[PDB]
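Backbone-built Cβ (ideal geometry, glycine too); neighbour counts: all protein chains shown. The numbers here are math on the coordinates, done by the rules we state, and not lab data.
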Amino acid sequence: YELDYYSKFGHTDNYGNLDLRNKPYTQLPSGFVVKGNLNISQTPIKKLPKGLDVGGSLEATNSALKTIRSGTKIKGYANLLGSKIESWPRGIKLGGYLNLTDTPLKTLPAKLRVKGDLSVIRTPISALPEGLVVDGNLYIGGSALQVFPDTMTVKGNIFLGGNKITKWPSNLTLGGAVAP
Amino acid sequence: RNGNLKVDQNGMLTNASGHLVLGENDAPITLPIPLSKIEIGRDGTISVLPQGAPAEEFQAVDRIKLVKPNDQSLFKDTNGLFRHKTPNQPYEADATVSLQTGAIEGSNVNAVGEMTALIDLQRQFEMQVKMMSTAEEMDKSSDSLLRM
Amino acid sequence: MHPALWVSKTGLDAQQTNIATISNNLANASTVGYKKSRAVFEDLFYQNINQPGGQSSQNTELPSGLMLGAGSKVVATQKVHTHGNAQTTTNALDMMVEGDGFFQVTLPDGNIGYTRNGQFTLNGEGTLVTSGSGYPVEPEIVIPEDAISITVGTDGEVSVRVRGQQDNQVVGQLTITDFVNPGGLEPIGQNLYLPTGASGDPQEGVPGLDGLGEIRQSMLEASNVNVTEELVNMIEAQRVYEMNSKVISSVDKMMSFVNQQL
Amino acid sequence: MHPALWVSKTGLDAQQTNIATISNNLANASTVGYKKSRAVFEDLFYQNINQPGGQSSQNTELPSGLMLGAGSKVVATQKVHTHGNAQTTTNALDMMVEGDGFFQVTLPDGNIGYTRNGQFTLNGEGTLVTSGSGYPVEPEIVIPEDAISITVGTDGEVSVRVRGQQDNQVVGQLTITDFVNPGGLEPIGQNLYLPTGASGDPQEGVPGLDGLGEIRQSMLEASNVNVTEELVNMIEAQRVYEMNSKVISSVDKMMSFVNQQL
Amino acid sequence: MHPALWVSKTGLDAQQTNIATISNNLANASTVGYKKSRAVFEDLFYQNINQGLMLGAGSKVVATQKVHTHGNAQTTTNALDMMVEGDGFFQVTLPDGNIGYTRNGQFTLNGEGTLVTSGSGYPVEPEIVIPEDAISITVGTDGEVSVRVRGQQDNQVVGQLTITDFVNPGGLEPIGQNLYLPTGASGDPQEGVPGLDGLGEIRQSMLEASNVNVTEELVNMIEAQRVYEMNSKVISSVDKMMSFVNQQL
Amino acid sequence: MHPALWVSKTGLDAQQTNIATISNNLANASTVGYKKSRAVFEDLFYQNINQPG
């Protein structure tokens, strides 16, 4: 079903951490604001409402999360390990890492910036967008990637995870190393 | 069932709980902002007098939506409002419900009924507590079986 | 805490607010132009205990759909702005409003406060001020020294009688304010009200046109408190207060039995 | 609960209903044409606890045939339709029925309501209406604007005096209704009654013939309540209320002793 | 809470309004052209419980009925105060411009000689202006106002008063100052010559005394006081019953 | 405290003023060119609980 004004009141602690673990909710109110962390793991939610503002971290592991609307703000990280998301929207305010391990993700917006590690492990993504800048480590193990973008910035160590890299970026400033 | 009605600055009719009062049009009842005499009729009709108008210019502008459904088909929700058990069920406006103006309806809690229920719950709860201690006592005896 | 303990405590705090607002009404049982207040109760939210899913319409008549309340609270201290009775005095400087309307006085901080109290007087300079703290009345009305009497018309037109000339000379005109929602006004003490968002914008006009009340000289508005109503509601508030005390002790005795028996 | 607890609780509920009934009579100690109500008590059915077949006329004086009651209840609130005293008023448009008979008025729903209160007035069009909600009186009686006097005969003959013409002009006639069982009428407030199945079919007729009462002009029927009766009933009801409370307290102490000692 | 607490509270409120009208009648025992009022009681709605069991909700005063019976006459030597012998209200012009209808007849003249009320000074419609040359004022039984002028045989007519009668005088709205305002239930203002078609006749130098029955009001205070105290004892008894229970239960 | 208390107070003051007018006339029962006085009563405002009509 949906989340009402009083439905969410039963899933909030003293610090405004909303816990929806395995709750049979399919959507959240439009323009939703959560003071603390949001947990929607293992939920049938297919799309996040537009204007969602999270003061903490996002956790949607093993959930049905497939669509995210632009303009969403996350102060912490977005943990989506094992979700059903297919495409990442542009303009998401994210202050942590994007964990997309075990996801059907295919495309990423151009000039994407991740303030932490990016994990696209076991994803059918074909090509990292040009201008992609990562301030942490890069995980591409088990993915369909075989060609890197011409320019990318990975402040951490790039981990290949087994896939063969045929083309390397021309302009790459790496603070670490490259591991298979 | 809270008839502590009030009119905000915009003119919308609400109650003490801050709930918009519906009308015949199934929309929140909005009254003209500069009114001078508001009277609620016996049948729920709202008659008002405009600011500075003569007493013979009273007019009816709305009618409070009064519903009389089957009581057994209603449940109290999380916010104290009774709603239909079956969802997506329209609320038909009954024409038999009448309102007695100038009075407030309080609760119907029978305090003595609560008190006698309280003392019975204490006794049943304290005989079940004795049962828990009795089960614990019986288990310690069985521990002596394996002492050899 | 055992949730049953705090549920009963909210009932005790709700009645304490009821007792507080009911003693204030009887304290101001002789204040001129005082409006009584009543404490309005409403129940708190109900929470689903046996079904965290949050669907209260599935099996509400079953143990799985059980919902337990969180107590009661006082949601507002509603002012009852009914007109009061008339007190006929001999002073010529106190006034009254017949029906809707509020007098206007200027506060020291600059903004104006609205009052039903009509007990006025004159200062050393002669301006019409309140009989208490001495805040001037808007608009300013200065009485000449040579004046021998004050006449305030039904429309607030203030005129004084001066010897050596017939006809009264007009020295000012009172003007009262009405509100869409006078119950939303903020009481600040000293028989003064401050406008708020819920009250609406002030509606100023001559006292006697556009539905406004009329100014009556040598007359005062009695307090609208019903001393019998306060005593009856006082009786109920005590008994409800005692009943919530009984259950708290009942929960205490049950919990004391648990750790004494087990 | 325990069988002893609920038996006493029914007595407390029955006395609560009884007090609310006699509280209503004292509140309506001045309303015109009011009929007092008395609460009728009945004992609940008896249970053959020791008999597995529910046969009683064998050993009613032995432990086998023991039967235990379930308490008491208020079976009805009987309206006593005793004729009240007369209040001689000077207003010529209020009237009274001497004897059996009810006035008939037209409710907003179209159905005809019956009343004993005879405080009537005129509306903007001259129709005779009640002095409260304003419902018209059946049959419709319209007073001409040029009438200087209104005279209502003992048979409802409404005649008026008009200048420029001797002899009074009859503008209508009232009719009253009698019921086989007036106690079965449904009280709906406003000093109004509605016919029911247990009341009987309405019997309209001329007020003064066929056993109907007579219409008395400029008179009113006082309420038949006895303030002394209500005070004596309050004494009995309050004492019985306290007696059942001690029984409930006695059972609570008895059961508390069991789980404290054992 | 306990239903008897608030059912008896209605009786306390009903009698309090009843006493307020009785005191108002006694206060206006000397007002000219005052109509006494009585409080109209009616029972509240009856609730159906335990389901043929009816419980009342108390009582209330639903209306304040004004009895427009013509009062006695006071013979006065003043030439400007008059009376309506029958049905009819003097029509005066309020400051708002609308017409208020009064039965008080104490009139006088303003600075310009227009016939006005002896209180707030509201003019009487239609305007009657007494010339300065007049030496006496005569008001005919049909509203004809004439003045005696020196040096001229025959009284010259300076106006004719008209009165208004309402089908339902009790439906008029009292606003103080012996003034009424027409309402929806009052009817339509029926204006005409004061003395034709049911209208009363103007009687000069006479005043219509108050019609209150001071003896009745004193007896009405007796029954109102006792019933008020009778209802208070139920609240006291219910209070001691609830105190006993939670002390015992 | 009570509506009847305030209503009857206005009645007492009205008759207190009325008596002072009568006492003045009898005091000036021999004054040359003295015109007698009469107090004019009027009812105060009426509180509008239910609008007639």
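Of D:23, D:30, which residue is within 35 Å of the chain's Cα centre (by Cα), within 30 Å of residue D:193 (Cβ to Cβ) and assigned to a loop (DSSP other than H, G, I, E, B)? Explain how you work it out, then say what you get.
Details: D:23 fails: assigned to a loop (DSSP other than H, G, I, E, B).
Checking each option against the conditions leaves just D:30.
Just to verify a result, which residue in the stretch B:33-66, among those that are assigned to a strand (DSSP E or B) and among the acidic types (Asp, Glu), is farthest from the other protein chains (Cβ to nearest Cβ)?
Filtering first and then ranking leaves B:62.
Checking residue E:133 against (1) in contact with a helix residue (DSSP H, G or I) (Cβ under 7 Å, 6 or more places away or on another chain); (2) over 16 Å from residue E:174 (Cα atoms), which test does it fail?
Checking residue E:133 against (1) in contact with a helix residue (DSSP H, G or I) (Cβ under 7 Å, 6 or more places away or on another chain); (2) over 16 Å from residue E:174 (Cα atoms), the one that fails is (1).
Which members of the stretch A:3-40 meet the condition of being hydroxyl-bearing (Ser, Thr, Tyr), closer than 17 Å to residue A:68 by Cα and crowded, with 16+ Cβ neighbours inside 10 Å?
Scanning the stretch A:3-40 gives a single hit, A:25.
Report yes if some residue within the stretch E:152-165 is surrounded by fewer than 22 Cβ atoms within 10 Å (Cβ to Cβ), charged (D, E, K, R) and within 22 Å of the chain's Cα centre (by Cα); otherwise report no.
Checking the stretch E:152-165: not a single residue is surrounded by fewer than 22 Cβ atoms within 10 Å (Cβ to Cβ), charged (D, E, K, R) and within 22 Å of the chain's Cα centre (by Cα).
List every residue pair whose Cβ atoms lie under 9 Å apart, where the two residues are 6 or more positions apart in sequence or sit on different chains, the first residue falls within the stretch D:194-216 and is closer than 21 Å to residue E:54 by Cα, and the second residue, located anywhere, is assigned to a loop (DSSP other than H, G, I, E, B) and charged (D, E, K, R).
Listed pairs, sorted by first residue: D:195/D:201.
Quick one: count up the residues across the stretch E:174-194 that are at the interface with chain F (Cβ under 9 Å from one of its Cβ atoms) and not hydrophobic (A, V, I, L, M, F, W, C).
The qualifying residues number 8.
Please state which one of D:175, D:121, D:127 is under 29 Å from residue B:101 (Cβ atoms), among the β-branched types (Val, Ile, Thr) and touching a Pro at 6+ places or on another chain (Cβ under 7 Å).
Exactly one of D:175, D:121, D:127 is under 29 Å from residue B:101 (Cβ atoms), among the β-branched types (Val, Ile, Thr) and touching a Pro at 6+ places or on another chain (Cβ under 7 Å), namely D:127.
Answer yes or no: is there a residue in the stretch A:12-26 that is of a type outside the set (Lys, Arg) and within 14 Å of chain B (Cβ to nearest Cβ).
Among the residues of the stretch A:12-26, at least one is of a type outside the set (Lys, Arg) and within 14 Å of chain B (Cβ to nearest Cβ), which makes the answer yes.
Take the stretch E:137-155 and flag every residue that is in contact with a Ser or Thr (Cβ under 9 Å, 6 or more places away or on another chain) and not acidic (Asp, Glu).
Scanning the stretch E:137-155 gives E:137, E:138, E:139, E:140, E:143, E:145, E:146, E:147, E:148, E:155.
Can you spot a residue in the stretch E:185-198 that is over 18 Å from residue D:144 (Cβ atoms) and under 10 Å from the mean Cα position of the chain (by Cα)?
no
Within the stretch F:6-34, how many residues are facing another protein chain (nearest Cβ under 8 Å) and among the aliphatic types (A, V, I, L, M)?
Summing the residues that are facing another protein chain (nearest Cβ under 8 Å) and among the aliphatic types (A, V, I, L, M) in the stretch F:6-34 gives 2.
Do we find that residue E:115 is more than 8 Å from every other protein chain (Cβ to nearest Cβ) and either under 23 Å from residue F:15 (Cα atoms) or part of a strand (DSSP E or B) (or both) in this structure? I'd like the intermediate steps shown before the answer.
Details: more than 8 Å from every other protein chain (Cβ to nearest Cβ): yes; either under 23 Å from residue F:15 (Cα atoms) or part of a strand (DSSP E or B) (or both): yes.
So residue E:115 fits the description; yes.
Go through the residues of the stretch B:106-120 one by one and say whether even a single one is assigned to a helix (DSSP H, G or I), over 25 Å from the mean Cα position of the chain (by Cα) and at the interface with another protein chain (Cβ under 8 Å from one of its Cβ atoms).
Filtering the stretch B:106-120 down to residues assigned to a helix (DSSP H, G or I) leaves B:111-120.
Checking which are over 25 Å from the mean Cα position of the chain (by Cα) leaves us with B:119-120.
If we keep only those that are at the interface with another protein chain (Cβ under 8 Å from one of its Cβ atoms) as well, we get B:119-120.
Yes, the stretch B:106-120 has at least one match.
From the residues in the stretch D:144-173 that are small (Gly, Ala, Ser) and away from chain E (no Cβ under 14 Å), which one is farthest from residue E:199 (Cα to Cα)? First the steps, then the outcome.
The first filter runs over the stretch D:144-173 and keeps only residues small (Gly, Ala, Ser), leaving D:147, D:149, D:153, D:156, D:159, D:164, D:172.
From what is left, the residues that are away from chain E (no Cβ under 14 Å) are D:153, D:156, D:159, D:172.
Values: D:153: 25, D:156: 26, D:159: 19, D:172: 23 Å.
This residue is D:156.
Taking the conditions exactly as written (within 15 Å of residue C:97 (Cα to Cα) and of a type in the set (A, V, I, L, M)), does residue C:234 satisfy them or not? Spell out how you get there, then give the answer.
On the way: within 15 Å of residue C:97 (Cα to Cα): no; of a type in the set (A, V, I, L, M): yes.
The answer is no for residue C:234.
When the stretch E:202-249 is examined, which residues are found to be of a type in the set (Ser, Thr, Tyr) and within 14 Å of chain B (Cβ to nearest Cβ)?
Filtering the stretch E:202-249 for residues of a type in the set (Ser, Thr, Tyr) gives E:205, E:210, E:215, E:228, E:232, E:236-237, E:243.
If the condition is that a residue be of a type in the set (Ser, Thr, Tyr) and within 14 Å of chain B (Cβ to nearest Cβ), then E:243 is the only one that fits.
Looking only at the stretch C:95-113, which residues are surrounded by fewer than 22 Cβ atoms within 10 Å (Cβ to Cβ) and of a type outside the set (A, V, I, L, M, F, W, C)?
C:99, C:100, C:104, C:106, C:108, C:109, C:110, C:111
If you take the residues of the stretch A:136-178 that are β-branched (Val, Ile, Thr) and closer than 21 Å to residue A:123 by Cβ, which of them is surrounded by the fewest Cβ atoms within 10 Å (Cβ to Cβ)?
A:166
Only residues that are crowded, with 17+ Cβ neighbours inside 10 Å and outside any loop (DSSP other than H, G, I, E, B): list them for the stretch E:139-151, please. Reasoning before the result, please.
We begin by selecting, within the stretch E:139-151, every residue crowded, with 17+ Cβ neighbours inside 10 Å; these are E:139-140, E:143-147.
Within the stretch E:139-151, E:139, E:144, E:145, E:146, E:147 meet the criteria.
If you take the residues in the stretch B:82-96 that are farther than 16 Å from residue B:26 by Cβ and part of a loop (DSSP other than H, G, I, E, B), which one is nearest to the chain's Cα centre (by Cα)?
Ranking the qualifying residues of the stretch B:82-96, first place goes to B:85.
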